[PDB]
$ cat run08.txt   # compact mmCIF, C-alpha atoms
# COMPACT_ATOMS: atom_id res chain seq x y z
CA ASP B 209 40.61 0.52 7.26
CA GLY B 210 43.19 -2.27 7.18
CA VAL B 211 43.02 -6.01 6.69
CA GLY B 212 41.08 -6.64 9.87
CA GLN B 213 38.29 -4.07 9.74
CA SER B 214 35.17 -4.19 7.61
CA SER B 215 34.58 -1.33 5.18
CA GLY B 216 30.78 -1.42 5.30
CA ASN B 217 27.60 -2.81 6.80
CA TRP B 218 24.68 -4.78 5.41
CA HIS B 219 21.78 -2.52 4.42
CA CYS B 220 18.62 -4.03 2.96
CA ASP B 221 15.23 -2.52 3.84
CA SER B 222 12.46 -0.25 2.59
CA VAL B 223 11.49 3.14 4.02
CA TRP B 224 7.95 4.27 3.21
CA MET B 225 7.39 7.98 3.70
CA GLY B 226 4.47 10.02 2.49
CA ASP B 227 5.94 11.31 -0.76
CA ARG B 228 9.32 9.98 -1.24
CA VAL B 229 10.14 6.39 -0.72
CA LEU B 230 13.57 4.82 -0.28
CA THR B 231 14.59 1.23 -1.00
CA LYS B 232 17.90 -0.32 0.03
CA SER B 233 19.39 -3.61 -1.16
CA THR B 234 22.74 -5.35 -0.89
CA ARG B 235 24.04 -8.59 -2.39
CA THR B 236 27.14 -10.79 -2.55
CA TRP B 237 28.91 -11.24 -5.89
CA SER B 238 31.76 -13.28 -7.36
CA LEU B 239 34.01 -12.06 -10.18
CA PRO B 240 36.16 -14.41 -12.29
CA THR B 241 38.85 -13.55 -14.85
CA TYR B 242 37.26 -13.49 -18.29
CA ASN B 243 39.15 -14.21 -21.52
CA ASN B 244 42.32 -15.03 -19.58
CA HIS B 245 43.24 -11.33 -19.49
CA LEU B 246 42.61 -10.68 -23.19
CA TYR B 247 40.44 -8.75 -25.58
CA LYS B 248 39.12 -10.90 -28.39
CA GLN B 249 37.40 -10.34 -31.71
CA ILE B 250 34.14 -12.25 -32.20
CA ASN B 251 32.29 -12.66 -35.49
CA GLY B 252 29.75 -14.85 -37.25
CA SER B 253 29.95 -16.89 -40.43
CA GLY B 254 28.24 -16.67 -43.80
CA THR B 255 25.40 -14.43 -44.99
CA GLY B 256 22.26 -14.63 -42.90
CA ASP B 257 19.87 -12.69 -40.72
CA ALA B 258 22.12 -13.32 -37.71
CA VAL B 259 25.62 -12.01 -38.40
CA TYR B 260 27.81 -9.96 -36.13
CA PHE B 261 31.17 -8.34 -35.56
CA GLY B 262 32.33 -7.31 -32.13
CA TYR B 263 34.73 -7.72 -29.23
CA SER B 264 34.72 -9.63 -25.96
CA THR B 265 36.26 -7.96 -22.95
CA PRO B 266 37.98 -9.07 -19.72
CA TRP B 267 35.67 -6.90 -17.61
CA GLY B 268 32.56 -7.56 -15.56
CA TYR B 269 29.69 -5.25 -14.77
CA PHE B 270 26.96 -4.68 -12.20
CA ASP B 271 23.41 -4.77 -13.57
CA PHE B 272 20.72 -3.79 -11.06
CA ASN B 273 18.34 -2.62 -13.80
CA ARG B 274 15.47 -5.05 -13.08
CA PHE B 275 12.65 -4.11 -10.67
CA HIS B 276 12.44 -7.05 -8.29
CA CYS B 277 16.03 -6.42 -7.26
CA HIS B 278 14.87 -3.35 -5.32
CA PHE B 279 11.37 -4.42 -4.17
CA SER B 280 10.08 -7.36 -2.21
CA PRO B 281 6.76 -8.95 -3.17
CA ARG B 282 5.21 -7.35 -0.09
CA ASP B 283 6.53 -3.88 -0.89
CA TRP B 284 5.36 -4.34 -4.47
CA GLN B 285 1.87 -5.21 -3.26
CA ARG B 286 2.08 -2.25 -0.92
CA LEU B 287 3.13 -0.08 -3.86
CA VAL B 288 0.57 -0.95 -6.50
CA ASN B 289 -2.61 -1.03 -4.43
CA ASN B 290 -2.21 2.40 -2.87
CA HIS B 291 -0.76 4.57 -5.63
CA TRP B 292 -1.31 5.97 -9.13
CA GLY B 293 2.31 6.49 -10.17
CA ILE B 294 6.02 6.16 -9.46
CA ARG B 295 9.22 7.57 -10.93
CA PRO B 296 12.86 7.31 -9.83
CA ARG B 297 14.76 10.21 -8.33
CA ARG B 298 18.21 9.39 -6.94
CA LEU B 299 20.40 6.34 -6.64
CA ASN B 300 23.40 5.55 -4.49
CA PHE B 301 25.85 2.73 -5.22
CA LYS B 302 28.60 1.26 -3.06
CA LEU B 303 31.12 -1.58 -3.14
CA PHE B 304 32.93 -2.79 -0.05
CA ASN B 305 34.50 -5.78 1.70
CA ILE B 306 36.54 -6.73 -1.35
CA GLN B 307 38.53 -9.94 -0.99
CA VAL B 308 40.67 -11.54 -3.69
CA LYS B 309 41.61 -15.22 -3.72
CA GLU B 310 44.10 -17.27 -5.72
CA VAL B 311 43.55 -20.82 -6.95
CA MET K 620 -21.08 -7.64 19.74
CA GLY K 621 -17.70 -5.98 19.21
CA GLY K 622 -16.73 -2.39 19.59
CA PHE K 623 -15.22 0.10 21.99
CA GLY K 624 -16.52 -0.07 25.54
CA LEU K 625 -16.79 3.46 26.92
CA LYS K 626 -17.37 4.83 30.40
CA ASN K 627 -18.58 8.18 29.00
CA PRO K 628 -19.95 7.41 25.54
CA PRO K 629 -21.24 10.00 23.07
CA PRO K 630 -24.35 11.75 24.37
CA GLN K 631 -27.78 10.78 23.20
CA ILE K 632 -29.44 13.44 21.06
CA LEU K 633 -33.18 13.84 21.46
CA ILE K 634 -35.59 15.92 19.39
CA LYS K 635 -39.32 16.65 19.40
CA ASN K 636 -41.93 18.67 17.56
CA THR K 637 -43.19 21.34 19.92
CA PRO K 638 -46.97 20.88 20.32
CA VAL K 639 -49.22 23.46 18.69
CA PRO K 640 -52.79 23.27 20.04
CA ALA K 641 -55.84 23.73 17.87
CA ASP K 642 -58.46 26.41 18.46
CA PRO K 643 -59.44 26.42 22.14
CA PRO K 644 -63.08 26.78 23.17
CA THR K 645 -64.35 30.16 24.27
CA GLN K 646 -65.52 28.96 27.68
CA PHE K 647 -62.82 27.94 30.12
CA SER K 648 -62.02 24.30 30.90
CA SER K 649 -59.30 22.97 33.18
CA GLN K 650 -58.92 19.63 31.40
CA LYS K 651 -55.91 18.94 29.20
CA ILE K 652 -55.90 20.12 25.61
CA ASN K 653 -56.66 17.01 23.58
CA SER K 654 -56.70 18.34 20.01
CA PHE K 655 -53.55 19.60 18.29
CA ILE K 656 -52.46 20.54 14.79
CA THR K 657 -50.95 17.69 12.80
CA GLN K 658 -47.42 18.56 11.75
CA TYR K 659 -43.98 17.07 11.16
CA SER K 660 -40.50 18.33 10.37
CA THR K 661 -37.42 17.57 8.31
CA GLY K 662 -33.91 18.84 7.73
CA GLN K 663 -30.30 17.87 7.27
CA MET K 664 -27.90 16.58 9.92
CA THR K 665 -24.15 16.05 9.79
CA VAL K 666 -21.63 14.00 11.77
CA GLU K 667 -17.85 14.40 11.76
CA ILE K 668 -15.67 11.77 13.44
CA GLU K 669 -11.91 11.98 13.94
CA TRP K 670 -10.27 8.57 13.90
CA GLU K 671 -6.74 7.71 15.01
CA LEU K 672 -5.06 4.78 13.31
CA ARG K 673 -2.00 2.62 13.89
CA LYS K 674 0.45 2.51 11.00
CA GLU K 675 1.63 -0.88 9.76
CA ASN K 676 5.27 -1.92 9.56
CA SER K 677 5.87 -5.58 8.74
CA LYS K 678 8.99 -7.04 7.22
CA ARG K 679 7.48 -10.30 5.95
CA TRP K 680 8.78 -11.10 2.49
CA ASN K 681 5.76 -12.59 0.74
CA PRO K 682 2.49 -10.85 -0.16
CA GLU K 683 -0.60 -10.82 2.04
CA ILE K 684 -4.29 -11.47 1.76
CA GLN K 685 -6.19 -8.27 1.08
CA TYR K 686 -9.77 -7.26 0.49
CA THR K 687 -10.57 -7.23 -3.20
CA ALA K 688 -13.73 -6.44 -5.11
CA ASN K 689 -15.29 -9.56 -6.52
CA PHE K 690 -13.29 -10.64 -9.59
CA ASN K 691 -16.38 -11.73 -11.44
CA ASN K 692 -18.55 -10.02 -14.01
CA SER K 693 -22.06 -9.46 -12.72
CA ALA K 694 -25.44 -8.09 -13.70
CA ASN K 695 -25.11 -5.53 -10.89
CA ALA K 696 -21.85 -4.05 -9.64
CA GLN K 697 -20.79 -4.61 -6.04
CA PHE K 698 -21.97 -2.12 -3.41
CA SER K 699 -23.97 -0.23 -6.02
CA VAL K 700 -27.51 0.70 -6.97
CA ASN K 701 -29.62 -1.55 -9.22
CA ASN K 702 -32.15 -0.73 -11.96
CA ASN K 703 -34.96 -0.06 -9.49
CA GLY K 704 -32.83 2.39 -7.51
CA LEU K 705 -32.09 0.27 -4.43
CA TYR K 706 -28.64 0.28 -2.83
CA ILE K 707 -27.36 -3.22 -2.06
CA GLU K 708 -24.47 -4.24 0.20
CA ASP K 709 -22.75 -7.43 -0.93
CA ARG K 710 -20.46 -8.38 1.93
CA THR K 711 -19.86 -7.70 5.58
CA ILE K 712 -16.19 -6.80 5.48
CA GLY K 713 -14.13 -7.84 8.45
CA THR K 714 -11.18 -5.79 9.54
CA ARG K 715 -8.64 -8.62 9.83
CA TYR K 716 -6.46 -9.35 6.79
CA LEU K 717 -2.91 -8.21 7.48
CA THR K 718 -0.93 -10.77 9.46
CA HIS K 719 0.98 -10.01 12.64
CA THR K 720 3.32 -12.18 14.69
CA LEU K 721 1.77 -13.67 17.80

$ encode --input "run08.txt" --output "structure tokens"
Amino acid sequence: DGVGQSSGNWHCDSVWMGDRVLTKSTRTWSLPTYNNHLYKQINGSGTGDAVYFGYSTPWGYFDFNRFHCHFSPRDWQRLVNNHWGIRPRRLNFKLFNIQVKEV
Amino acid sequence: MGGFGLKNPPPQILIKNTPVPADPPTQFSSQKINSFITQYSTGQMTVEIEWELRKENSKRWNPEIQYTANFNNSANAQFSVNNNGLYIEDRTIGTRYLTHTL
């Protein structure tokens, strides 16, 4: 806690047990201010196959959905040669060491 | 030639057909019995080894060389029997693929 103490540690590794298996990953991100603190309507023009109506938002989001985020090319090799199947079970998400800067 | 040098290796196992003599003469003779009954024997054997193995933990990022069945189509499959019924071994397979830091 406080300005001078870190709120977390770096965890990236892979734990191979017999039945379960547990993969850890951590990354560094940068968040701007989108739409200058505004919601905005967005829409197309004319009649065509591509036409849309929607809204743009001053919010970001974390997408981990892709595989190679969680697995290294060695772990992936280690996965697919030895095994007939995989399915997810649990996930655990954490943010820490937030720092905000003015320009 | 490679292997495990052992002070006390597995014991040799030795087997023989017990001799069965043929009909002895009626009069006594002290000489050895020359003539026997021709015979042989057969049966199943079994061997059970318990191996201990060292698990592999390596943090290298990129993938490794591994043994892979030949990628090619072929008239005969690898390590398999042919039309005439003869089992054929394609390659001597070394044990060294996975890398380790020196």

$ closest_atom_pairs --input "run08.txt" --of "chain B" --to "chain K" --cutoff "7 Å" --atoms "only C-alpha atoms" --output "JSON lines"
{"residue": "B:280", "atom": "CA", "partner": "K:680", "partner_atom": "CA", "distance": 6.1}
{"residue": "B:281", "atom": "CA", "partner": "K:681", "partner_atom": "CA", "distance": 5.4}
{"residue": "B:282", "atom": "CA", "partner": "K:682", "partner_atom": "CA", "distance": 4.4}
{"residue": "B:285", "atom": "CA", "partner": "K:682", "partner_atom": "CA", "distance": 6.5}

$ atom_distance --input "run08.txt" --atom1 "CA of residue 301 in chain B" --atom2 "CA of residue 276 in chain B"
16.9 Å

$ atom_distance --input "run08.txt" --atom1 "CA of residue 664 in chain K" --atom2 "CA of residue 633 in chain K"
13.0 Å

$ atom_distance --input "run08.txt" --atom1 "CA of residue 624 in chain K" --atom2 "CA of residue 686 in chain K"
26.9 Å

$ residues_around --input "run08.txt" --residues "residue 268 in chain B" --least-positions-apart "5" --cutoff "10 Å" --atoms "only C-alpha atoms" --output "short mmCIF file (atom, residue, chain, number, x, y, z; two decimals) with C-alpha atoms, in the coordinates of the input"
data_model
loop_
_atom_site.label_atom_id
_atom_site.label_comp_id
_atom_site.auth_asym_id
_atom_site.auth_seq_id
_atom_site.Cartn_x
_atom_site.Cartn_y
_atom_site.Cartn_z
CA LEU B 239 34.01 -12.06 -10.18
CA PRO B 240 36.16 -14.41 -12.29
CA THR B 241 38.85 -13.55 -14.85
CA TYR B 242 37.26 -13.49 -18.29
#

$ closest_residue --input "run08.txt" --among "K:661, K:634, K:684, K:648" --to "residue 714 in chain K" --atoms "only C-alpha atoms"
K:684

$ closest_residue --input "run08.txt" --among "B:308, B:264, B:210, B:279" --to "residue 231 in chain B" --atoms "all atoms listed in the file"
B:279

$ closest_residue --input "run08.txt" --among "B:299, B:305, B:310, B:244" --to "residue 209 in chain B" --atoms "only C-alpha atoms"
B:305

$ residues_around --input "run08.txt" --residues "residue 294 in chain B" --least-positions-apart "2" --cutoff "12 Å" --atoms "only C-alpha atoms" --output "PyMOL selection string"
chain B and resi 227-230+284+287-288+290-292+296-297

$ residues_near_point --input "run08.txt" --point "(31.6, -9.4, -39.1)" --cutoff "6 Å" --atoms "only C-alpha atoms" --output "list in words"
residues 251, 260 and 261 of chain B

$ decode --input "run08.txt" --residues "range 212-307 of chain B" --atoms "C-alpha atoms" --output "compact mmCIF listing (two decimals), in the first residue's frame"
# COMPACT_ATOMS: atom_id res chain seq x y z
CA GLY B 212 6.14 3.74 -2.57
CA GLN B 213 5.17 0.07 -2.41
CA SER B 214 4.33 -2.21 -5.31
CA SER B 215 0.91 -3.83 -5.35
CA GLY B 216 1.94 -7.01 -7.16
CA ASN B 217 4.67 -9.19 -8.62
CA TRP B 218 5.45 -10.44 -12.11
CA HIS B 219 4.02 -13.92 -12.74
CA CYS B 220 4.54 -15.59 -16.10
CA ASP B 221 5.12 -19.35 -16.26
CA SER B 222 3.46 -22.69 -16.97
CA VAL B 223 2.79 -25.47 -14.46
CA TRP B 224 2.33 -28.93 -15.98
CA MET B 225 0.64 -31.39 -13.65
CA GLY B 226 -0.82 -34.74 -14.56
CA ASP B 227 -4.44 -33.71 -15.07
CA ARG B 228 -4.81 -30.10 -14.56
CA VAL B 229 -2.48 -27.62 -16.05
CA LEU B 230 -2.01 -23.98 -15.08
CA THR B 231 -0.68 -21.15 -17.26
CA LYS B 232 0.25 -17.70 -15.98
CA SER B 233 0.93 -14.58 -18.03
CA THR B 234 1.38 -10.88 -17.32
CA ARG B 235 1.84 -7.90 -19.62
CA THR B 236 2.29 -4.12 -19.58
CA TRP B 237 -0.44 -1.92 -21.07
CA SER B 238 -1.03 1.74 -21.87
CA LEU B 239 -4.45 3.41 -21.78
CA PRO B 240 -5.20 6.74 -23.50
CA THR B 241 -8.31 8.92 -23.25
CA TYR B 242 -10.63 8.04 -26.13
CA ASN B 243 -13.14 10.46 -27.66
CA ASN B 244 -11.90 13.28 -25.44
CA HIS B 245 -14.24 12.13 -22.64
CA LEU B 246 -17.32 11.79 -24.84
CA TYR B 247 -19.80 9.29 -26.19
CA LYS B 248 -20.39 9.69 -29.90
CA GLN B 249 -22.87 8.41 -32.45
CA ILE B 250 -21.36 6.72 -35.50
CA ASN B 251 -23.21 5.84 -38.69
CA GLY B 252 -22.68 5.08 -42.36
CA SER B 253 -23.97 6.75 -45.51
CA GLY B 254 -26.30 5.67 -48.29
CA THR B 255 -27.88 2.29 -49.01
CA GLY B 256 -25.41 -0.56 -49.35
CA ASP B 257 -24.32 -3.88 -47.96
CA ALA B 258 -22.15 -2.08 -45.40
CA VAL B 259 -24.28 0.29 -43.32
CA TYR B 260 -24.25 0.75 -39.59
CA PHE B 261 -25.57 2.67 -36.61
CA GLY B 262 -23.80 2.63 -33.28
CA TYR B 263 -21.89 4.45 -30.58
CA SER B 264 -18.23 4.98 -29.73
CA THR B 265 -17.26 4.98 -26.09
CA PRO B 266 -14.51 6.56 -23.94
CA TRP B 267 -13.63 3.19 -22.41
CA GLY B 268 -10.93 0.61 -23.05
CA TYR B 269 -11.01 -3.12 -22.51
CA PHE B 270 -8.72 -6.08 -21.89
CA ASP B 271 -8.89 -8.83 -24.50
CA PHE B 272 -6.91 -11.96 -23.64
CA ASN B 273 -9.15 -14.19 -25.77
CA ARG B 274 -6.49 -15.45 -28.20
CA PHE B 275 -4.52 -18.66 -27.49
CA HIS B 276 -0.90 -17.65 -27.93
CA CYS B 277 -1.32 -15.10 -25.17
CA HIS B 278 -1.37 -17.93 -22.64
CA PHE B 279 0.96 -20.49 -24.27
CA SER B 280 4.53 -20.33 -25.49
CA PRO B 281 5.51 -22.18 -28.68
CA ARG B 282 7.30 -24.75 -26.53
CA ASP B 283 4.31 -25.32 -24.24
CA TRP B 284 2.10 -25.57 -27.31
CA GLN B 285 4.37 -28.23 -28.79
CA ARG B 286 4.37 -29.91 -25.40
CA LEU B 287 0.58 -29.74 -25.38
CA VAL B 288 -0.34 -31.07 -28.79
CA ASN B 289 2.05 -34.01 -29.09
CA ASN B 290 1.12 -35.67 -25.81
CA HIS B 291 -2.63 -35.18 -25.49
CA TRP B 292 -6.03 -35.88 -27.06
CA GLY B 293 -7.99 -32.94 -25.64
CA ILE B 294 -8.11 -29.74 -23.61
CA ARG B 295 -10.83 -27.57 -22.11
CA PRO B 296 -10.68 -24.52 -19.83
CA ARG B 297 -11.69 -24.63 -16.18
CA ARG B 298 -10.95 -21.49 -14.16
CA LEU B 299 -9.42 -18.11 -14.80
CA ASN B 300 -8.00 -15.47 -12.51
CA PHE B 301 -7.47 -11.84 -13.52
CA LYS B 302 -5.58 -9.07 -11.75
CA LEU B 303 -4.55 -5.45 -12.33
CA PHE B 304 -1.88 -3.74 -10.29
CA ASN B 305 0.87 -1.11 -10.29
CA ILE B 306 -1.39 1.54 -11.78
CA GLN B 307 0.31 4.82 -12.58
